[PDB]
Amino acid sequence: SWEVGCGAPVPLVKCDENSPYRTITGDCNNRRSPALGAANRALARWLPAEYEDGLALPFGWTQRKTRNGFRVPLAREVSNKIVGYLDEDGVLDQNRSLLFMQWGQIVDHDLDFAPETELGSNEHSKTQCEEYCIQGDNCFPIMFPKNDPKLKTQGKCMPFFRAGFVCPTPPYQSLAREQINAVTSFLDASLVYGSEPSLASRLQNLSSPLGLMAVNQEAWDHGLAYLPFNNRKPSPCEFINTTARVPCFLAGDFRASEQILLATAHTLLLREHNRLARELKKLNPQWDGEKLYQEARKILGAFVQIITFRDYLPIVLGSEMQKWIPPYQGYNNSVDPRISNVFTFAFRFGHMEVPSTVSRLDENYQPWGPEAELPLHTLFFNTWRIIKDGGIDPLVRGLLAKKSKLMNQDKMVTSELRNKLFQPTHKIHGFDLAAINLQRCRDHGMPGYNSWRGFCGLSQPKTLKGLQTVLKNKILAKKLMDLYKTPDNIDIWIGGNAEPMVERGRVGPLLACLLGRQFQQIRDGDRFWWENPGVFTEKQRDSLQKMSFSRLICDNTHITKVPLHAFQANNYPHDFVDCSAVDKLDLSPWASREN
Ligand code: HEM
Ligand SMILES: *[C@@H]1O[C@H](CO)[C@@H](O[C@@H]2O[C@H](CO)[C@@H](O[C@H]3O[C@H](CO)[C@@H](O)[C@H](O)[C@@H]3O)[C@H](O)[C@H]2NC(C)=O)[C@H](O)[C@H]1NC(C)=O
Ligand SMILES: *[C@@H]1O[C@H](CO)[C@@H](O[C@@H]2O[C@H](CO)[C@@H](O[C@H]3O[C@H](CO)[C@@H](O)[C@H](O)[C@@H]3O)[C@H](O)[C@H]2NC(C)=O)[C@H](O)[C@H]1NC(C)=O
Ligand SMILES: *[C@@H]1O[C@H](CO)[C@@H](O[C@@H]2O[C@H](CO)[C@@H](O)[C@H](O)[C@H]2NC(C)=O)[C@H](O)[C@H]1NC(C)=O
Ligand SMILES: *[C@@H]1O[C@H](CO)[C@@H](O[C@@H]2O[C@H](CO)[C@@H](O)[C@H](O)[C@H]2NC(C)=O)[C@H](O)[C@H]1NC(C)=O
Ligand SMILES: [Ca+2]
Ligand SMILES: [F-]
Ligand SMILES: [F-]
Ligand SMILES: [F-]
């Protein structure tokens, strides 16, 4: 008895079988169990969900029920006491480019998404929740503590709706609540091509047989393309400057326009497709619109994988890289490719790497204009800055020349993300990502810190002094303890991120384990992993090993000077070489001789 069945509300079709191209929804990868890794399924559970009433209520819901005999601290008070800081001076990561942070957010959005509950294409709940903070059904407000400034100017709470959950929708029972993953589990650039047929089609240019993606027809960037605008009205990107009226962009993943620098990456990727598409058409004049689409799409997914696994992971995990992700040994069909629930919180470490400003640089990498550098908080859902203020180049240079914020125990998340966040639904720039990240842990029903420490075979502290050693920080450990009473209750997000960083890495033991586990799993379980023999020919593989994020920039913007290693900190003149010195992708092995 497993309850094994629940395969209801989810899109399903026949397995193309023996087809050399990934299905959009992620289905048909695992032949013997077709729905593994597919979009719109439940986040996998490495450990049993822990809810207040065992079944679905989060801890904190019933204001009288304890978790391990203690009251869980209000999400925002954990923010105020531990996560906040004021001095942005000294904070930058001295050997990681702002692209380091940015790539993590791409990978993240390629792997997982637990959307919010709706139930109101018009309803008094998307207003009874924001206007009166009444807890009920899917409205689980973030109450403000006594003494929070925000009390004085904002209200009684920050509205917050519980995340979507499998099987049905409506008021639900039976089993433990499981959240949905509306995105595919495999590193496959689903953020560029979509997870859904439908949406996947919308994205395509099917007015012509060139196998191109749709591009904006209203604005251009020095003859280079932009992402299409969205049909959607209302539109937050429009609401951000009622005078300008520039809607959000349309991409394979709905979160694309959340911040300007993310929209930038999305558009460099689209560009890479179209570029690949044309080139392919040149070498093989007789290929299909579909054929061109899938083939470029396959080369692109191979790209996102190579940079992630060869260039990005080695530096998030550091020395702990070798221990969780041993060299590739072939596709294993028994390895479960599904993205676990805890990963979606483990991967949120990147939030502590986001700095407070964003720069635009001129051709010599000098401040572009008088208002070059801007507060990150005016950039949430900001699209007018790209379209009407220089385009992409000024913004990509910033990613290569600036640095990320470095995780620090006394400085965790910049106030830009911590007090001034713009949520696409409501009106202000007054939300808190750290309190939300904490509240979301409880909604998803996550086990405590020690449960995960135990899961990774690491010591489990039970007293102040024990927590002091694990964290190697005396004061931090005291605050955490005064708010939680026991480490067993410490929310995984704040717990995993409070640990000191491993050698050469950028996350601690617990996080290196949970991420390290996830990545080995989504690589060993992917039938279409690029090295998996039979997916790309040997000569094609040799061609792909030369890809670099640097070249991607050369071939897709008008930048002519770039670093060789793009994630490490690079100083301009000196660390920047001319594009000609950077290896190009030789698309010649993709040639097709008929006779
Ligand atoms: C500064 C720019 C960023 C903003 C404004 C931002 C904002 C957000 C917001 C609002 C959420 C959803 C909160 C909720 O309703 O639960 C979210 C989720 C998340 N963020 Fe970020 N984020 C940013 C950067 C990053 C980066 C750099 C990373 C990692 C390297 C990251 C990783 C994640 C992860 C893993 C999720 C959960 C995804 C899911 O399963 O749905 N974010 N972010
Ligand atoms: C700034 O970050 C750089 C990357 O973390 C780092 O340089 C890297 O150091 C590692 C470890 O010593 C080396 O890794 C590579 O070693 C051989 C070549 O030496 C390669 O064949 C392997 O693939 C392996 O990855 C590299 O020497 C180097 N990485 C690269 C890509 O150049 C610096 O240590 C950091 N700067 C400071 C001051 O610490
Ligand atoms: C809302 O979006 C507006 C653009 O979509 C933006 O206005 C634009 O920004 C500045 C003025 O704030 C102007 O830049 C400069 O333009 C000429 C050069 O061509 C100079 O001579 C001017 O002195 C000016 O500094 C843009 O041309 C301007 N356009 C308009 C119609 O005002 C606003 O800044 C945005 N404001 C908000 C609320 O975010
Ligand atoms: C889909 O089809 C073609 C692909 O090239 C696009 O039309 C060209 O775009 C520019 C628009 O300024 C012009 O040079 C011509 O009108 C077109 N040239 C060609 C090749 O005929 C069109 O933009 C594409 N539509 C979308 C949204 O992708
Ligand atoms: C494929 O991955 C699975 C997932 O871990 C592995 O299956 C294990 O096989 C070993 C035998 O070497 C057993 O002792 C383990 O208990 C199995 N674990 C699970 C979860 O099945 C295995 O490493 C891989 N299979 C092969 C032989 O390639
Ligand atoms: Ca994916
Ligand atoms: F600057
Ligand atoms: F503002
Ligand atoms: F060149």
# chains A, B, ... in the order shown; residues from 1 in each chain; ligands from 1
>>> residues_near_ligand(ligand="ligand 7", cutoff="10 Å", atoms="only C-alpha atoms and all ligand atoms", output="PyMOL selection string")
chain A and resi 357-362+365-374+398+401-402
>>> write_last_selection(atoms="C-alpha atoms", output="PDB file, in the first residue's frame")
ATOM      1  CA  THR A 357      22.922  48.184  -6.594  1.00  0.00           C
ATOM      2  CA  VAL A 358      23.075  47.512 -10.329  1.00  0.00           C
ATOM      3  CA  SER A 359      25.497  49.222 -12.692  1.00  0.00           C
ATOM      4  CA  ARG A 360      25.512  50.130 -16.363  1.00  0.00           C
ATOM      5  CA  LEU A 361      28.909  50.665 -17.990  1.00  0.00           C
ATOM      6  CA  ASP A 362      30.046  52.368 -21.181  1.00  0.00           C
ATOM      7  CA  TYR A 365      33.623  50.013 -18.573  1.00  0.00           C
ATOM      8  CA  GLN A 366      33.047  53.468 -17.063  1.00  0.00           C
ATOM      9  CA  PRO A 367      29.826  54.659 -15.370  1.00  0.00           C
ATOM     10  CA  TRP A 368      27.310  55.021 -18.194  1.00  0.00           C
ATOM     11  CA  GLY A 369      25.691  58.396 -17.585  1.00  0.00           C
ATOM     12  CA  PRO A 370      24.987  60.330 -14.335  1.00  0.00           C
ATOM     13  CA  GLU A 371      22.622  57.735 -12.884  1.00  0.00           C
ATOM     14  CA  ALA A 372      24.673  54.615 -13.791  1.00  0.00           C
ATOM     15  CA  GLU A 373      24.379  52.746 -10.495  1.00  0.00           C
ATOM     16  CA  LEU A 374      20.850  52.139  -9.118  1.00  0.00           C
ATOM     17  CA  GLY A 398      28.015  45.203 -15.177  1.00  0.00           C
ATOM     18  CA  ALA A 401      32.841  43.829 -13.886  1.00  0.00           C
ATOM     19  CA  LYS A 402      30.926  44.041 -10.607  1.00  0.00           C
TER      20      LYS A 402
END
>>> select_by_dssp(residues="segment 179-281 of chain A", states="strand (DSSP E or B)", output="PyMOL selection string")
chain A and resi 179-181+204-205+212-213+221+224+229+249+259
>>> residues_around(residues="segment 76-91 of chain A", least_positions_apart="6", cutoff="9 Å", atoms="only C-alpha atoms", output="number ranges by chain")
A: 142-145, 148, 355-356, 404-415, 418, 432, 434-436, 438-439, 476, 479-480, 483, 494
>>> residues_near_ligand(ligand="ligand 5", cutoff="7 Å", atoms="only C-alpha atoms and all ligand atoms", output="compact mmCIF listing (two decimals) with N, CA, C and O atoms, in the first residue's frame")
# COMPACT_ATOMS: atom_id res chain seq x y z
N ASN A 332 21.88 6.30 -15.53
CA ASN A 332 21.39 5.24 -14.66
C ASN A 332 19.88 5.45 -14.55
O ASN A 332 19.43 6.44 -13.97
N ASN A 333 19.09 4.52 -15.11
CA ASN A 333 17.63 4.62 -15.08
C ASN A 333 16.95 4.47 -13.71
O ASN A 333 15.78 4.84 -13.54
N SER A 334 17.69 3.94 -12.73
CA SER A 334 17.17 3.74 -11.39
C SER A 334 17.30 4.97 -10.50
O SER A 334 16.69 5.03 -9.44
N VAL A 335 18.12 5.93 -10.93
CA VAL A 335 18.31 7.17 -10.20
C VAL A 335 17.11 8.10 -10.45
O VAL A 335 16.78 8.42 -11.59
>>> closest_residue(among="A:443, A:288, A:218, A:586", to="residue 540 of chain A", atoms="only C-alpha atoms")
A:586
>>> closest_atom_pairs(of="chain A", to="ligand 3", cutoff="9 Å", atoms="only C-alpha atoms and all ligand atoms", output="tab-separated table")
residue	atom	partner	partner_atom_place_in_ligand_line	distance
A:240	CA	ligand 3	39 (O)	6.9
A:241	CA	ligand 3	38 (C)	4.8
A:242	CA	ligand 3	1 (C)	7.3
A:243	CA	ligand 3	1 (C)	5.6
A:244	CA	ligand 3	5 (O)	3.8
A:245	CA	ligand 3	5 (O)	7.2
A:246	CA	ligand 3	5 (O)	7.7
A:378	CA	ligand 3	39 (O)	8.0
A:382	CA	ligand 3	39 (O)	8.9
A:384	CA	ligand 3	5 (O)	5.8
A:385	CA	ligand 3	5 (O)	7.5
A:387	CA	ligand 3	5 (O)	8.4
A:388	CA	ligand 3	5 (O)	6.0
A:389	CA	ligand 3	4 (C)	8.0
>>> write_last_selection(atoms="C-alpha atoms", output="PDB file, in the first residue's frame")
ATOM      1  CA  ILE A 240       6.111  50.468 -12.126  1.00  0.00           C
ATOM      2  CA  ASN A 241       6.063  53.628 -14.322  1.00  0.00           C
ATOM      3  CA  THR A 242       2.530  54.472 -15.500  1.00  0.00           C
ATOM      4  CA  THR A 243       4.066  57.064 -17.824  1.00  0.00           C
ATOM      5  CA  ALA A 244       6.466  54.699 -19.660  1.00  0.00           C
ATOM      6  CA  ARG A 245       4.092  51.728 -19.944  1.00  0.00           C
ATOM      7  CA  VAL A 246       6.475  48.914 -20.897  1.00  0.00           C
ATOM      8  CA  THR A 378      13.634  50.108  -8.274  1.00  0.00           C
ATOM      9  CA  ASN A 382      11.532  47.011 -14.246  1.00  0.00           C
ATOM     10  CA  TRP A 384      11.492  50.221 -19.082  1.00  0.00           C
ATOM     11  CA  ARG A 385      15.154  50.591 -18.095  1.00  0.00           C
ATOM     12  CA  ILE A 387      14.045  49.209 -23.563  1.00  0.00           C
ATOM     13  CA  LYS A 388      14.440  52.956 -23.035  1.00  0.00           C
ATOM     14  CA  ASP A 389      17.841  53.347 -21.387  1.00  0.00           C
TER      15      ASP A 389
END
>>> closest_atom_pairs(of="chain A", to="ligand 6", cutoff="6 Å", atoms="only C-alpha atoms and all ligand atoms", output="Markdown table")
| residue | atom | partner | partner_atom_place_in_ligand_line | distance |
| --- | --- | --- | --- | --- |
| A:110 | CA | ligand 6 | 1 (Ca) | 4.1 |
| A:111 | CA | ligand 6 | 1 (Ca) | 4.4 |
| A:183 | CA | ligand 6 | 1 (Ca) | 5.8 |
| A:184 | CA | ligand 6 | 1 (Ca) | 3.9 |
| A:185 | CA | ligand 6 | 1 (Ca) | 4.9 |
| A:186 | CA | ligand 6 | 1 (Ca) | 4.6 |
| A:187 | CA | ligand 6 | 1 (Ca) | 4.9 |
| A:188 | CA | ligand 6 | 1 (Ca) | 4.9 |
| A:189 | CA | ligand 6 | 1 (Ca) | 5.7 |
| A:190 | CA | ligand 6 | 1 (Ca) | 4.5 |
>>> decode(residues="segment 293-316 of chain A", atoms="C-alpha atoms", output="compact mmCIF listing (two decimals), in the first residue's frame")
# COMPACT_ATOMS: atom_id res chain seq x y z
CA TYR A 293 14.01 24.43 -33.46
CA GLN A 294 14.78 21.16 -31.69
CA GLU A 295 18.43 20.97 -32.83
CA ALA A 296 19.27 24.47 -31.65
CA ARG A 297 17.23 23.71 -28.50
CA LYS A 298 19.31 20.59 -27.93
CA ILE A 299 22.59 22.53 -28.38
CA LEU A 300 21.32 25.21 -25.97
CA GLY A 301 20.29 22.75 -23.24
CA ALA A 302 23.77 21.23 -23.62
CA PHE A 303 25.15 24.70 -23.05
CA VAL A 304 23.22 25.42 -19.84
CA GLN A 305 24.39 22.05 -18.54
CA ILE A 306 28.09 22.49 -19.37
CA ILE A 307 28.38 25.90 -17.76
CA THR A 308 26.37 24.77 -14.71
CA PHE A 309 28.34 21.59 -14.10
CA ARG A 310 31.76 22.64 -15.36
CA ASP A 311 31.90 26.28 -14.40
CA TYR A 312 29.32 27.05 -11.74
CA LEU A 313 29.04 24.05 -9.44
CA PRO A 314 32.77 23.53 -8.76
CA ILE A 315 32.64 26.90 -7.09
CA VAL A 316 29.42 26.70 -5.09
